[PDB]
Every structure is written in structure tokens, then in C-alpha cells.
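What follows is a set of notes on a single structure, which appears directly below.
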Amino acid sequence: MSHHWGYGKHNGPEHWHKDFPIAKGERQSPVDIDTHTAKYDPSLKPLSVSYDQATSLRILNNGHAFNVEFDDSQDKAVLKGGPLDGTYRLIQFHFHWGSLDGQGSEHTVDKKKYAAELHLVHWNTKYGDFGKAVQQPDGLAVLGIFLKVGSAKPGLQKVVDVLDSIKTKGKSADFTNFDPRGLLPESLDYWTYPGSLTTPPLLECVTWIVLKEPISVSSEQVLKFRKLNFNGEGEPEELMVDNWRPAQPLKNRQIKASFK
Ligand SMILES: [Cu+2]
Ligand SMILES: [Zn+2]
């Protein structure tokens with residue numbers, strides 16, 4: 001929110017608190033997931049990812065990442081169960097990634113950084129619209145999935161192949177008839193905790209659900225992410241890499257596990 005924040009030395013995560021003081025708040029994201037301290041929670045309900053009727057619309061370079069946007073005017077693609085009360089509707093997904101394969105994720109697992117992290121963003125339908133949802137402590141649910149470099153992910157290739165058409169900030173392209181189920185791992189085992197948006201405005205509205213099993217993507221797929229630009233057309237080229245916030249203090253939170 002507001003202008004001029006980014007991921008450089010002069011406007012990156014260490015600077016955000018000056019315009020977004022909640023950056024130093026009590027439930028900021030991402031965090032390190034200490035797997036030995038997370039506790040199994042038998043009260044968690046089964047997690048339900050219901051994306052069969054998902055209706056993708058468009059892909060946009062917003063100068064911070066790229067978003068694949070969905071029709072959220074009806075319950076076409078929803079997340080329910082797990083730690084969640086009620087129904088959360090899919091609005092968009094995006095990624096965070098590194099300049100090198102050893103960094104890029106926002107969450108870490110026993111301090112391990114993955115090459116990238118996928119965020120599927122959903123809003124609680126009891127609040128009527130996304131903008132109202134971000135005024136509520138249970139307004140959003142983000143499903144986070146780690147990416148490691150190995151074999152190609154077939155379900156990612158349609159995304160990689162459109163990126164040359166959205167190289168610079170402000171560009172968009174049609175992205176209809178995409179199935180986001182092709183981005184999931186086999187297992188839905190997860191960790192969950194209460195947190196925030198990981199970019200400005202850093203609002204403390206998110207139930208995080210982070211899957212334990214990473215997806216594998218090829219070196220060639222992640223290399224195509226790294227050819228995007230932060231800048232607009234006609235401006236000095238600034239590669240879109242290292243668009244991740246580091247782990248923040250856990251403070252008075254417990255991370256729960258869905259699995260023993
Ligand atoms: Cu501003
Ligand atoms: Zn994100």
C-alpha cells in the first residue's frame with residue numbers, strides 16, 4: 001500500500017516499518033517453522049481444497065511479483081476445514097523467489113530456505129469483499145507451498161510460458177482456463193499459525209496454512225521467473241529477484257501441525 005516500498009537496499013524489508021509501523025507488530029509473517037516445537041493438534045478438522053470450478057482470468061506483473069487472478073464473485077474455488085471457520089474464496093495466487101536456488105522462500109523450515117514459495121490467497125466470505133476482509137483478524141487464509149529445484153512441474157509450465165508477455169510492471173495477459181490444482185503436492189499435511197500479509201500494508205488478517213511437502217520445479221522454470229522485471233517498460237532494467245521478506249519474530253504464537 002502507498003508507494004516506493006520494494007526489495008532493494010534502500011526500500012526493502014528493513015525500511016518498511018517507517019511507513020507501515022505494524023511491521024513490528026505482534027503477529028507478523030513469515031516465520032521460521034521449528035518442526036520440533038510445532039505441536040500436533042487433534043482439534044484440526046480435515047482440510048478441504050475445492051478448486052474444481054476455479055475460473056482463472058488474467059496474469060499481471062504488479063512490480064512486486066506476478067498475480068494470477070480468479071473470478072471470486074461466487075464460491076467457484078474455496079478453501080475450508082483445517083483451522084478455518086467458514087468458507088474462504090480464492091482470489092489470486094503469486095510467488096516469491098530468489099536470485100539463486102538456495103534462497104527465495106518467505107517461510108523457512110528449521111531455518112532452511114527453499115528456492116521459491118507459492119501463495120494461494122483466499123478471503124473469508126462472511127465479510128462480503130476482500131477490502132472488508134482485510135479489516136478482520138480472520139479475514140484471509142493463505143495456502144503456502146514451497147518450491148525446490150529438481151524435476152519440472154507440468155502444471156507450472158503454462159505460467160512460465162506466458163511470462164515473456166508480462167515482463168515489466170503494469171503488463172497483463174489473458175490467463176483463462178488454468179487449473180491451479182496442478183500446483184499442489186500429493187499430501188495436504190500442513191503447519192498453521194496466525195500471521196500477516198508479507199508485503200505492505202502488512203495487515204494482521206491471515207490464517208497461514210503452510211504445506212509440509214514441497215513441489216519440485218525445474219531449473220529452467222525458476223530461471224524464467226528471474227527474467228521478469230520490477231521496472232516499467234522503457235525504464236532501467238531491474239530483474240525481479242529476491243522478492244521475499246525474511247522470517248519475523250514468533251512472539252506469543254504457537255505453530256500447530258496437522259500431522260504426527
Ligand atoms: Cu506511498
Ligand atoms: Zn505472498
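Numbering starts fresh at 1 for the residues of each chain in the C-alpha cells, the chains themselves are lettered A, B, ... in the order given, and ligands are numbered from 1 as they appear.
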### Residue neighbourhood residue 204 in chain A, 10 Å, only C-alpha atoms, exclusion window fewer than 2 positions, as a ChimeraX atom specification
/A:22-23,25-29,134-140,194-198,201-202,206-207
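Restricting the atom set to only C-alpha atoms and all ligand atoms, one finds that the residues within 7 Å of ligand 2 amount to residues 94, 95, 96, 119 and 198 of chain A.
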Write the residues of the preceding selection, restricted to C-alpha atoms, as a compact mmCIF listing (two decimals), in the first residue's frame.
# COMPACT_ATOMS: atom_id res chain seq x y z
CA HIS A 94 1.57 -15.44 -6.73
CA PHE A 95 5.13 -16.50 -5.86
CA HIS A 96 8.21 -15.20 -4.09
CA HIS A 119 0.87 -18.22 -2.04
CA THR A 198 4.16 -10.47 4.00
### Close residues, residue 163 in chain A itself excluded, 9 Å, only C-alpha atoms, min 6 positions apart in chain, as a ChimeraX atom specification
/A:59,61,66,224-225,227-228
### Filtered DSSP result for range 46-244 of chain A, state alpha helix (DSSP H), as number ranges by chain
A: 130-133, 157-162, 219-225
### Query
Residues at most 9 Å from residue 248 in chain A, counting only C-alpha atoms, excluding those fewer than 2 positions away in the same chain, as JSON, numbers by chain?
{"A": [24, 27, 28, 29, 30, 31, 32, 245, 246, 250, 251]}
Write the selection just made, keeping C-alpha atoms, as an mmCIF file, in the first residue's frame?
data_model
loop_
_atom_site.group_PDB
_atom_site.id
_atom_site.type_symbol
_atom_site.label_atom_id
_atom_site.label_comp_id
_atom_site.auth_asym_id
_atom_site.auth_seq_id
_atom_site.Cartn_x
_atom_site.Cartn_y
_atom_site.Cartn_z
ATOM 1 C CA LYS A 24 6.998 -4.549 14.201
ATOM 2 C CA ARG A 27 1.629 -11.380 14.570
ATOM 3 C CA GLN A 28 3.888 -10.673 11.562
ATOM 4 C CA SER A 29 4.742 -13.123 8.742
ATOM 5 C CA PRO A 30 6.640 -15.012 7.567
ATOM 6 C CA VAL A 31 8.198 -17.044 10.391
ATOM 7 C CA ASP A 32 10.647 -19.878 10.811
ATOM 8 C CA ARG A 245 10.567 -10.906 3.330
ATOM 9 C CA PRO A 246 12.793 -12.733 5.868
ATOM 10 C CA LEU A 250 7.261 -15.527 16.557
ATOM 11 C CA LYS A 251 6.309 -13.570 19.705
#
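The smallest atom-to-atom distance between residue 83 in chain A and any of A:44, A:60, A:145, A:239, using only C-alpha atoms, is found for A:44.
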Given only C-alpha atoms and all ligand atoms, how would the per-residue table for chain A near ligand 1 read, listing every residue at most 7 Å away with its closest atom pair and distance in Å to one decimal, sorted by chain and number, as CSV?
residue,atom,partner,partner_atom_place_in_ligand_line,distance
A:1,CA,ligand 1,1 (Cu),6.8
A:2,CA,ligand 1,1 (Cu),3.0
A:3,CA,ligand 1,1 (Cu),3.0
A:4,CA,ligand 1,1 (Cu),6.0
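The nearest approach to residue 216 in chain A among the residues A:5, A:97, A:88, A:146, with only C-alpha atoms taken into account, belongs to A:146.
Proximity ranking of A:181, A:45, A:132, A:58 relative to residue 86 in chain A places A:45 first, based on only C-alpha atoms.
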### Task
Using only C-alpha atoms, determine which residues lie at most 10 Å from residue 222 in chain A, disregarding the query and same-chain residues fewer than 3 positions distant; provide the list as a list in words.
residues 97, 98, 99, 100, 101, 115, 116, 147, 148, 149, 152, 160, 217, 218, 219, 225, 226 and 227 of chain A
Go ahead and write the selection's residues with C-alpha atoms as a PDB file, in the first residue's frame.
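Result went into selection-v2.pdb, see below:
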ATOM      1  CA  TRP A  97      11.613 -16.349  -5.341  1.00  0.00           C
ATOM      2  CA  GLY A  98      15.368 -15.863  -5.162  1.00  0.00           C
ATOM      3  CA  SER A  99      18.317 -14.868  -7.344  1.00  0.00           C
ATOM      4  CA  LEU A 100      19.863 -18.313  -6.522  1.00  0.00           C
ATOM      5  CA  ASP A 101      18.354 -21.689  -5.746  1.00  0.00           C
ATOM      6  CA  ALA A 115      14.058 -21.673  -3.926  1.00  0.00           C
ATOM      7  CA  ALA A 116      10.564 -20.142  -4.012  1.00  0.00           C
ATOM      8  CA  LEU A 147       9.267 -24.936  -4.359  1.00  0.00           C
ATOM      9  CA  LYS A 148      12.532 -26.865  -4.622  1.00  0.00           C
ATOM     10  CA  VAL A 149      14.580 -27.255  -7.831  1.00  0.00           C
ATOM     11  CA  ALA A 152       9.835 -29.966 -13.900  1.00  0.00           C
ATOM     12  CA  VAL A 160       6.224 -19.953 -17.181  1.00  0.00           C
ATOM     13  CA  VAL A 217      10.144 -27.353 -10.355  1.00  0.00           C
ATOM     14  CA  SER A 218      12.978 -27.395 -12.906  1.00  0.00           C
ATOM     15  CA  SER A 219      15.945 -25.032 -13.020  1.00  0.00           C
ATOM     16  CA  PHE A 225      10.774 -16.193 -13.062  1.00  0.00           C
ATOM     17  CA  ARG A 226      14.150 -14.444 -12.713  1.00  0.00           C
ATOM     18  CA  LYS A 227      13.861 -12.821 -16.187  1.00  0.00           C
TER      19      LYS A 227
END
### Query
Quick one: DSSP strand (DSSP E) residues in range 156-198 of chain A, as a ChimeraX atom specification?
/A:172-174,190-195
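The residue that comes closest to residue 110 in chain A, out of A:48, A:37, A:157, A:53 and on the basis of only C-alpha atoms, is A:37.
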### Message
Can you tell me which residues surround residue 232 in chain A at a distance of at most 8 Å, considering only C-alpha atoms, apart from same-chain residues fewer than 5 positions away, and format the answer as a PyMOL selection string?
### Response
chain A and resi 63+168-170
### Task
Tell me which of A:151, A:161, A:209, A:74 sits closest to residue 121 in chain A, counting only C-alpha atoms.
A:209
### Message
Considering only C-alpha atoms, can you say which of A:192, A:19, A:104, A:68 comes closest to residue 162 in chain A?
### Response
A:68
